[PDB]
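Next comes just one chain, in structure tokens: the form solved without kanamycin A.
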């Protein structure tokens, strides 16, 4: 893991845009991949923290460029771009900022019912248009393989938790992996471009007009299962309700919602385990302890 100063960031952006004048620079956020810098209150510049991050940055730029004016809600335009360097394919990129505030469950449930129903409509049309884009010109490295994902994750789990779990408890996490790989519903889907991180934090809302005014954070977008963009909208209570997400599903004219829900139940359980890895990686004791408490708990 590396990090950047404000001076490092300004220098990089000047050499490649030596005419561009940086006036105000604050940090807007940080994810697993990238530190976001807000520049001139109008642009978000993202800088990778590692190789994989720089790869995802590159993919995010190529994806956004490619759908630039294609979708029925605003999304970041790529305005500025950096260069390859050692392991880094994209040294940085800069994007338009998007006015609005996250459509949190709280905010959502406090809107009048006609505005909530309009929100379900807008999300559906967005997802539907996104999922329609033809993929036959995307490189193969952007097609996610879920069998391989599962095998990687089962392997990392077994390493982290070797000294934390008794044999019967390890067996039961392995039972989870074993069974999902043996069930074709999770691998037998029509691949399309998906946001791959489609939740409340990344849906921007205009509180004046009481409508949705943006989607952001395409850093994990890929070619994968479109149903994944519906199941991410739900997370017990921490995200939206089934009732809300159903209106999305029906506006989008999805033809097998049971399958969506089966993927939902699976993903809930899957994140029960995956959180433990992120838990150890970032030192987040909620994710690590609660995950480990669920495994040890005999309720299941």
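Positions refer to the first chain, counted from 1. Whichever C-alpha set is largest while still superposing within 1.5 Å between the two forms counts as the rigid core. Shifts are known only where both forms have a C-alpha.
The same protein also has a form deposited with kanamycin A bound, omitted here; what follows describes it.
Look at 109-117, 198-206, 159-167, 124-132: in the entry with it bound, residues with non-hydrogen atoms within 4.5 angstroms of kanamycin A sit in 198-206. Interface membership of residue 20, defined by any non-hydrogen atom within 4.5 Å of kanamycin A in the entry with it bound, is ruled out. Kanamycin A is not drawn, but in the entry with it bound it has no heavy atom within 4.5 Å of residue 288. For residue 235, a non-hydrogen atom is located within 4.5 Å of kanamycin A in the entry with it bound, even though that partner is not displayed. In the entry with it bound, kanamycin A lies within 4.5 Å of some heavy atom of residue 239.
Contact annotation: of the candidates 250, 32, 51, 40, the single residue with a non-hydrogen atom within 4.5 angstroms of kanamycin A in the entry with it bound is 32.
With the core held fixed by superposition, the comparison between the shown form and the other one singles out 150 as the only member of 150, 133, 204, 111 whose CA moves by at least 2 angstroms. In the entry with it bound, the Cα-Cα separation between residue 283 and residue 104 grows by 3 Å or more relative to the displayed conformation. Annotation for the pair residue 272/residue 104: C-alpha atoms recede from each other in the entry with it bound, by 3 Å or more compared with this form. Comparing the conformations between the shown form and the other one, with the rigid core held fixed, yields the displaced runs 145-178, 271-299, each spanning 3+ consecutive residues whose C-alpha shift is 2 Å or more.
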